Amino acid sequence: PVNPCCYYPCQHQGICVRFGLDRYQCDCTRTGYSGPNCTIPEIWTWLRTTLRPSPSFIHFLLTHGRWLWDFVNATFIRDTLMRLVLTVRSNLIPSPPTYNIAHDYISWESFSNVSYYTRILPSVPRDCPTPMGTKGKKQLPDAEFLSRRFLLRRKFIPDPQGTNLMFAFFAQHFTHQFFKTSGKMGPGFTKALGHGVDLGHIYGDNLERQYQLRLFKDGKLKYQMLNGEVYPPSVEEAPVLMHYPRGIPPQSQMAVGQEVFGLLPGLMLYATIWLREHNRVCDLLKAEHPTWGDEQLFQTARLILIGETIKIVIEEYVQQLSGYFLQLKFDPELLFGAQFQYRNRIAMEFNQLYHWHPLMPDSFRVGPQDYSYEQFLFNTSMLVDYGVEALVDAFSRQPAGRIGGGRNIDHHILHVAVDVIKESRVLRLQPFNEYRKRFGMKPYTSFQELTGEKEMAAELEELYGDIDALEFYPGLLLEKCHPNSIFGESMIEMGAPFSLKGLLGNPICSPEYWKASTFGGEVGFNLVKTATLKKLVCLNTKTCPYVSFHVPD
């Protein structure tokens, strides 16, 4: 008897439950539909769906008519729309979280064990006829072949939106505080127990590590002086585990919150900027609160930096990424009248979607000098040799690669995409089309509709055999991009919900925490409300270089 849930019979988030030896029932509770497979719409459900413009038309509206948007952005309409965006996008993510790699049903273990990444759609049943369920071949295309054929970069394709490396390293630094897959436990497990913006990549993901990194004086983080400049301390003064190639002297190993940041100067660059921001904030707090001890100074600075991070990510990072003329706004109060849960659980699908390796260039240009991957990766003297300002200027000037479209991952890191595809199969992620529906989009009827071209589509069709067998990650990177965009609609329609839910679901955005006293008063609250990338760098450097998420003109 073939497992009926392998046919993915339940639609619109209805829940498929096996009954008896060969039957099944769909739980349509609060889905807005009824019927055996939750396909019969209620009045409002129908109106909403038949009158709702497509993601492509909305994307069009949001990226045209700057004159009208400039007007709108200066009115209450800016808040009305930002609220709509926030609520409509986040409503797609279940909270409290539902499934994980071990349970394809709600359970107390899935709810309480935070070492697990959560998941939005259950896994493909292990007893299905094919790897993807019912469609496709008995064996999926070879991961290595799939990557070399469709993901490997031939000629560098720059992001048409003007995104640069300053943005690419920001994204890598930022996401690594919540994507920390455990090697020991395996796929489906994380070590970033904070499941969000807790800044564990600065303060450490565990208490013992945090303590080794702290100076325990004035609430500050340990540091060292080099060429009269402030940098993270060496592992000798802050005995913390760091992932460095064997043979590298401890004196040349910098100690920071995230163990893998010694991998790239671009990562240590941000680690340095934030470390300096932390100590700088500590100084501001101390002047305002001379009676405070080291602990409160440290904890309050952390909250301020968390706020500064969310602010910059929404108003500058996501702004650059979206390309929207609507001025995004970070304002927790926009949700104080709505039903919203201030909690977040990182999804394995979100982890998959954020592998933006295509952003990395062919080489790294620092002034007249061009540096190869071998001169850049694990280079422990570049940051100190050039200093923060020089690297920020350089990264802000060099363009990053386009993410969507295919064939744009540098050969030096193509192996990551290969492992991502392999991980996807161990996690038994459902097919791309099931995720399209889960996120409110119509499934693609053919590979041609997906890619927008004919040659790659024909080859994919031969390899997968059926569009309904196309996998999650390949689908995301091979989907045709929006006009002049960094990526396709699925990346936005699927990524926006996870991202927004992750940003606003932070406890500091709750009515309980979002108050001046939480940040030490008006001074600290204002630091959060008015934070910018430019201020983050220039208030912590001797000179002010060109700083931005987009290349200059």
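Quick note: we count residues from 1 along the sequence shown, nothing fancier.
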item: Mean temperature factor over C-alpha atoms, higher-scoring stretch between 298-306 and 364-372; value: 364-372
item: 475-483 set against 168-176, stretch whose average Cα temperature factor tops the other in the entry; value: 475-483
item: Top residue by Cα temperature factor, when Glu109, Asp127, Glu277, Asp104 are compared in the entry; value: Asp127
item: Member of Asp198, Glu349, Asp466, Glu434 with the greatest C-alpha B factor (per the PDB record); value: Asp466
item: Lowest, middle or highest third - CA B-factor, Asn540; value: middle
item: Where the record places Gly228 (Cα B-factor, split into thirds across the chain); value: highest
item: CA B-factor ranking of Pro41, expressed as a third of its chain; value: highest
item: Third of the chain, ranked by Cα B-factor, where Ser490 sits; value: middle
item: Entry-reported Cα temperature factor of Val528, expressed as the chain third it lands in; value: lowest
